[PDB]
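Let me begin by presenting the structure, written as structure tokens, before commenting on it.
Hydrogens, waters and symmetry mates play no part in the numbers below; they use all other heavy atoms, side chains included. Proteins get letters first, then strands, A, B, ... in listed order; numbering begins at 1 in each.
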Amino acid sequence: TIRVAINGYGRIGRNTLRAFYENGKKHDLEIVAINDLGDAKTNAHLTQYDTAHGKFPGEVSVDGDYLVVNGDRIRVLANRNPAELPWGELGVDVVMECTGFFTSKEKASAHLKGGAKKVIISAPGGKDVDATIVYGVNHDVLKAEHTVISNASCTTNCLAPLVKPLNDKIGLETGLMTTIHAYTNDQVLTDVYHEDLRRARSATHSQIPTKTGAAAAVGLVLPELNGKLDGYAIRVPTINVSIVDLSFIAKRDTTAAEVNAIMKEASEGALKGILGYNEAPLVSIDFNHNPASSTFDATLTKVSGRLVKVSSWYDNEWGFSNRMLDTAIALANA
Amino acid sequence: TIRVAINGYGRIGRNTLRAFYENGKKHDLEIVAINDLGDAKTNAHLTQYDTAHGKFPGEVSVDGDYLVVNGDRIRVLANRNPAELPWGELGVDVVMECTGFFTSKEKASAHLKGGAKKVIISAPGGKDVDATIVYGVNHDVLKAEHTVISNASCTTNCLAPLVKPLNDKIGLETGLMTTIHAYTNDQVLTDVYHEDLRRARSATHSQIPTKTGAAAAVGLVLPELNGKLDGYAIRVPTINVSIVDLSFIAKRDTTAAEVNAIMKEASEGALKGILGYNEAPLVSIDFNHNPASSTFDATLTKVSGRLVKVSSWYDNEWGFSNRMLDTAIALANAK
Amino acid sequence: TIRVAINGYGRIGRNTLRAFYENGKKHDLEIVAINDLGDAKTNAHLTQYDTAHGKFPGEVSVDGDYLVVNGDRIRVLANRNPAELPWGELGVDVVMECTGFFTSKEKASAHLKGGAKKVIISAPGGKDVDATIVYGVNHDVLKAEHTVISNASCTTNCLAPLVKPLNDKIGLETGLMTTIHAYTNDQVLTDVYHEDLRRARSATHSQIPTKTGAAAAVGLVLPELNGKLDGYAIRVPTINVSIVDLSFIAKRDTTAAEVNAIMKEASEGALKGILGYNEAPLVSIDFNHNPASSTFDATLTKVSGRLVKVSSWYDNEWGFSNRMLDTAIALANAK
Amino acid sequence: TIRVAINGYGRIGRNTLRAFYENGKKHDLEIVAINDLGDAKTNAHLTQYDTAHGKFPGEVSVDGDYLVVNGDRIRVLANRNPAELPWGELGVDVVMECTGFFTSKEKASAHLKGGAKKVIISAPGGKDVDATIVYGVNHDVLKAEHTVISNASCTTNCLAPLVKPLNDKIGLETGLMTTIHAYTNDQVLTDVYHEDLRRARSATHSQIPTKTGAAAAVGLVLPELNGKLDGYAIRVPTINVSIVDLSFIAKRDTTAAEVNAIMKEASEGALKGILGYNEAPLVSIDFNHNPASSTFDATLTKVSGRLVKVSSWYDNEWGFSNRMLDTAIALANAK
Ligand SMILES: NC(=O)c1ccc[n+]([C@@H]2O[C@H](COP(=O)([O-])OP(=O)(O)OC[C@H]3O[C@@H](n4cnc5c(N)ncnc54)[C@H](O)[C@@H]3O)[C@@H](O)[C@H]2O)c1
Ligand SMILES: NC(=O)c1ccc[n+]([C@@H]2O[C@H](COP(=O)([O-])OP(=O)(O)OC[C@H]3O[C@@H](n4cnc5c(N)ncnc54)[C@H](O)[C@@H]3O)[C@@H](O)[C@H]2O)c1
Ligand SMILES: NC(=O)c1ccc[n+]([C@@H]2O[C@H](COP(=O)([O-])OP(=O)(O)OC[C@H]3O[C@@H](n4cnc5c(N)ncnc54)[C@H](O)[C@@H]3O)[C@@H](O)[C@H]2O)c1
């Protein structure tokens, strides 16, 4: 049994906890601490009530310094410097770093200085990171000597399972991705200063093109694809749920019907759970609270000669959060 | 001066009228008639005030059975049937069908019976019309013989100019399109009956995949790309402005900087005014009320081997409405 | 046991069905028919998936001209003239009229012509209807003879339970209401023709003021407040859930604590189930899928001298829909 | 001619700068400097483009240590300590203090030490400020000796002109306001930590109640109303524009007709420019970019006995920014 701490009890921080309980505690861990900026009442409140995901099924409360979820008691800290955190005393095996501010191995290591054994960055890591994992694809690579890994991005986790079966059973020369993405909290309501002049613009009124390493990053979860994929994102005005739209050059001739079939039985077999399959006439909100990393949408496949276009829907919060649990385990028992 | 009317006075209707006045009436034209069925107080108010395009910078009022727009008297009508409108009494050279309900050719020639010498449809027409035109790309294929033509879709109007100089100087084996598109009035506010099951879902809260013929219909304006382009739309929660995202296989080797150069040149050349060129870090709302049919975005270009991704922004209402005016001219003045 | 048909299977129609199944079919009725504009395939799809309320918890399938929900077979019709429609064949006890087009005894009686024995309008009716009902407050006025009734509006069902206990224990001279109301399907996505000049404007970008009879109507269900209340609505950019903001002159001195204590007592007693009570720091979306007709928000209470301001949240779809079932059971079993 | 510096170039700063230029530089001042910690290029871009207010109708560019707007060159500084700023070297008569973190006379006086003669806070001030001003209402109170003043808040600037005529000519016992307010950048996109638990909730999907001291603050500028008004805000999903909804007990009997005449008279004389008057059937976005502090809406007035409800629209950004210019002038010229 593994002992976990969450640093950053925000969209990904909390939804990892919510997914831990909504699953039924199958994952052989315990969440023992939780770090954010606010008091325990604040965290208790945001755990019980959510816009995107509704009210939390079970029972939540506070006990002075402790958040209590379905009987389990969880300490609530509010120290912004992770170096001075009591991870040693709590005897934490894995700190989930979900604040967005410590994404390099340099910065994330504060948790090792604090006294935690390992750390999972809820995001793409710095070049210096021990590893970058997309669970269900390359989680094998993990060794006990890995102390500071990355869990990739929500996009990367969606793209990897879409492309692997099509590269294996058809072959891809080159591919270009557009992901159309729900807005996130790094964006703004009405135009204000931001490091990126596009993310400086109102997220609720525009399509905002934005950079993302997701396509290239797949390159180094499936090394055989290294340097063969690029892409970018368009943020649109929705609260949650994204889609990946991949165009690629097939090595040989193919058809829509066949592309779909490869993806179908990929979802029914070796990628089951991770990769979903859809033929129904659904829209983005129908995948809200779907725990798949990637739900491929057969209804949108289009093939024109050697050029193939495929799409997959992903709950960028819920999909990614369920994988944070999976990858926490894998990392602890390497 | 070409004497012009409009039938259907909806978003396309009103914005075509507004387009004309906002330009400075620099089109050799005069809008002499408007044939919605809702009353005149209501249409004046919707001309004056608009959420997406803001307040009309001009004077709007009603004098009985008439509309006054910066001094000019627009005859309001109310006939359901196009065969018996007065048109030819008032010398109507070109009519504009913007309700849609009457899209095909035999229904459309009813305006000719009513007196009109020509007719422009503000939508894709049935496979049986004198032309489908994308102004600045193929409008030169017009003649005096032609009567009931099509001005295409907003999306086809954005795709054609995007693709031409790329096919012409690089060559395009095949392409697939996704247009990320603002919601429109056929959609719904909260899930309720619709003949399409995706469009029956709240427009304000989802990305909604929808079918569009606009990629195939590039064939009809650029014959050399018959069968080479396909695609669809994803409807998103914006009130206006849309982007065409195009992936295509190039016949030869290339770069992003070259694709960009070719497009800049084409924006300063034949398609000047119709096709724009952006290098600035802008978002969709920046292209709201931009009269271009297509503004290519050099910042978004990606080339990976022989696969090329280019994208162009379009105000799905405004650009198209400014082309309708361009088209109505070129229609009349062909032989 | 009473046999019910839903006419108009939209926001209130489907959610009345959904409500009926999510409450474990405790109501002594069976839903035997749905009438709308599409086929069973469309009605089943919209029953199964929803933006505002998420995925239906049970099982929905299709079998020919029958929609099947949790094993119950429900016949799907698509005729937009109630006169026709086989209510006699199906032996319907109560039609729930939820299309928005038959909101008077005269108009809604077309269902009687079609074979049904009694009708509930899902909205304010004319003065001509036999009763206007807010369940929890005046349903005891229902009589065996009454054939066509009105269930009032969402707003009236929220306001009556708010105002009643305060007028009984404190006293109310006059009162004025504003309801900040989610948009509904009678509004538009981008500016376009409508009988109402403000509702002709995008629901997604504006606060839009509109009329409501709810204040006066609280007189009809609580005669002691005849002519004392007035008010209106402001439609805002949200997909569901609304609030009533009532201001009134108290007839004696009171405090915020007393006002809250009174309402807490009423929610716990005679109006239990119809009226909830909140003192948590919540926002509109937290009341989504709350079946109460009115959830008093004690945290928002304001008294200054004799002027009192109180607020109650309501799920305009879910509250009203649960009440439609309750009122059906009261209507048929009356006497 | 007054030399004005802007400390803190967020939305308030930028919008104030734009209103100056968009009004044709009619105000007898010049903007000679801006102090902000962001980099110039970003601040230039955000001056040129805005979602809520659209594209600045002039030219904006950067040239070294200078922001350039319609030919005028504006020195850009980036120092967090205003004691060390060159205001005295620059001859700055009035700093507009727009940062948030200098709302006390004690703190603001750092600008005095830096060389500025006067400071106007774009926000309610601490107890120690020389005055609080709603332009058109109490700017007469400004005196030579005042060096650090408040311009109050956007809501107070809406409410004071609304209630002043009514109190003068009818009389107000007490009053309670709800202000239905656009969201601001102090809120969140999707639920996340905030010091207030309601603002921790998505602004884009809910009605969100929040405290404001803006009703009680009307006592600062209309001492006759001191202690008589209170209220709160409901934040709704719109990017800009808000409405003040005031309920009050009148001291004598009046009519809706009398209330409106009183406001029209006020708008055409004493408060001309600051208070507008609408009888048109308009919605919130039609007031976007309206520079009035308060536009009273005659169509919304209700009276029932001695209870009056009156509503006024305000662009909670543009109104306030225009008034900052007005007040800056009066402050520098005081006595
Ligand atoms: N939201 C998504 O779709 C998504 C998906 C995959 C990965 N991610 C990644 O996860 C990370 C966080 O994303 P998010 O959406 O949860 O952001 P968020 O803003 O919603 O949550 C971040 C939380 O961390 C807290 N925090 C900030 N500084 C802190 C500090 N110094 N110490 C402790 N806590 C601090 C904040 O108060 C907040 O509660 C980012 O790196 C992001 O790229 C996001
Ligand atoms: N809006 C766009 O982005 C755009 C772009 C390209 C093509 N189009 C096409 O243009 C057409 C119109 O679209 P819109 O957005 O303007 O529609 P709209 O719903 O916003 O406006 C249509 C108007 O026509 C009126 N109308 C309906 N039936 C009528 C009838 N029987 N007789 C007279 N008037 C009638 C309505 O009252 C309304 O005022 C559509 O068919 C669409 O496919 C629209
Ligand atoms: N939405 C609310 O919050 C709310 C609350 C209380 C009461 N109501 C009232 O209930 C009624 C329904 O409102 P709604 O929100 O469900 O509207 P809606 O548009 O969602 O529903 C109308 C339904 O009726 C169908 N329809 C239209 N014409 C028909 C015909 N003649 N025959 C059969 N079906 C037809 C439509 O396809 C649709 O499914 C209205 O009178 C409304 O005022 C609405």
Side-chain angles (χ1 to χ4, degrees), chain B residues 1-21 27 29 31-40 42-48 60-79 81-126 128-130 146-151 185-186 317 320-321 324-325 327-329 331-332, chain C residues 80 188 191-197 200:
Chain B
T1 264
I2 288 78
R3 294 175 56 73
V4 189
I6 299 167
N7 175 4
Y9 196 63
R11 300 220 50 77
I12 294 191
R14 304 201 295 285
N15 285 325
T16 306
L17 180 154
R18 277 183 67 152
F20 171 55
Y21 286 107
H27 289 94
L29 160 154
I31 300 174
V32 305
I34 278 170
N35 195 198
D36 221 59
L37 257 155
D39 71 307
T42 283
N43 286 322
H45 182 81
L46 288 186
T47 305
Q48 190 67 62
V60 186
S61 60
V62 281
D63 181 24
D65 270 342
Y66 262 101
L67 191 76
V68 189
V69 179
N70 297 352
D72 311 351
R73 299 181 68 77
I74 275 74
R75 173 78 164 101
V76 176
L77 300 170
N79 213 297
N81 201 29
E84 56 189 283
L85 281 161
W87 308 136
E89 170 174 23
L90 33 175
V92 180
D93 295 304
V94 180
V95 181
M96 290 172 164
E97 162 58 17
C98 311
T99 31
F101 282 95
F102 302 75
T103 25
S104 47
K105 162 84 165 188
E106 188 256 306
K107 294 182 171 182
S109 286
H111 291 285
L112 281 20
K113 273 196 57 162
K117 300 173 188 182
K118 324 273 185 172
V119 155
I120 318 185
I121 309 164
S122 71
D128 49 63
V129 303
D130 288 84
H146 297 149
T147 39
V148 173
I149 72 171
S150 144
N151 188 40
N185 273 334
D186 44 291
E317 294 186 339
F320 194 72
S321 286
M324 292 268 308
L325 299 173
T327 274
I329 293 297
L331 180 61
Chain C
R80 71 222 315 287
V188 305
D191 292 18
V192 73
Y193 169 88
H194 191 287
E195 71 185 333
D196 194 331
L197 252 37

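The only option from B/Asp72, B/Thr47, B/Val60 that meets the side-chain contact (heavy atoms from CB on, under 4.5 Å) definition with B/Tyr21 turns out to be B/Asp72. Here the rule is side-chain contact (heavy atoms from CB on, under 4.5 Å) with B/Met96, and of B/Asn151, B/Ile121, B/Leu325 only B/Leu325 fits it.
Proximity of a side-chain donor or acceptor of B/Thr103 to a complementary backbone N or O of B/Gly100 within less than 3.5 Å is detected. Side chain of B/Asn7 to backbone of B/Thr99: no donor-acceptor contact under 3.5 angstrom is found.
Here the closest non-hydrogen pair linking B/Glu317 and B/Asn15 is OE1-ND2, 3.3 Å. Residues B/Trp87 and B/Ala5 approach most closely at CZ3-CB, 3.3 Å, considering heavy atoms. When all heavy atoms of B/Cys98 and B/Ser122 are compared, the pair lying nearest together is CA-OG, 3.3 Å. When all heavy atoms are compared, the tightest approach of C/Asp191 to B/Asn185 is O-ND2, 4.0 Å. The heavy-atom pair separating B/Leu77 from B/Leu85 by the smallest distance is CD1-CD2, 3.6 Å. The nearest pair of heavy atoms linking B/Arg14 to B/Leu46 is NE-O, 3.1 Å.
By the salt bridge (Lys or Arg N to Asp or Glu O under 4.0 Å) test, B/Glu97 is found to be paired with no residue, residues two or more places apart in sequence or in another chain being considered. The salt bridge (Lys or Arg N to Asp or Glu O under 4.0 Å) search around B/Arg18 returns B/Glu22, not counting sequence neighbours. Residues satisfying the side-chain hydrogen bond (donor to acceptor under 3.5 Å, both in side chains) criterion with B/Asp186, sequence neighbours excluded, are B/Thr184, B/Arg199.
Using a 4.5 Å cut-off on side-chain heavy atoms (C-beta onward), B/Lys118 and B/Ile149 make no contact. Within the 4.5 Å cutoff, side-chain heavy atoms of B/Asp63 are placed close to those of B/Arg73. Side chains of B/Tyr9 and B/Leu67 form a contact here, defined as non-hydrogen atoms less than 4.5 Å apart. Using a 4.5 Å heavy-atom threshold, the side chains of B/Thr42 and C/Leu197 count as touching. Taking 4.5 Å as the limit, every side-chain heavy atom of B/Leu37 sits out of range of all side-chain heavy atoms of C/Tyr193.
Taking CD of B/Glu84 as the start and CG of B/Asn79 as the end, the distance is 4.5 Å to the nearest 0.5 Å. For the atom pair B/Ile329 CD1 and B/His27 NE2, the distance stands at 6.5 Å (nearest 0.5 Å). If you take CG on B/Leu112 and OG1 on B/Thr147, they are separated by 5.0 Å, rounding to the nearest 0.5 Å. Here the straight-line distance linking atom CD1 of B/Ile74 with atom CD1 of B/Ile31 works out to 6.5 Å at 0.5 Å rounding.
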Could you walk me through whether B/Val148 and B/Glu106 satisfy the side-chain contact (heavy atoms from CB on, under 4.5 Å) test, starting with their C-alpha distance in whole Å, then the side-chain angles of each, then the deciding distance to 0.1 Å, before giving a yes or no?
CA-CA 9 Å; B/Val148 173; B/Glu106 188 256 306; over 6 Å; no

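By the 4.0 Å N-to-carboxylate-O rule, B/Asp93 lies too far from B/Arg3 to be salt-bridged with it.
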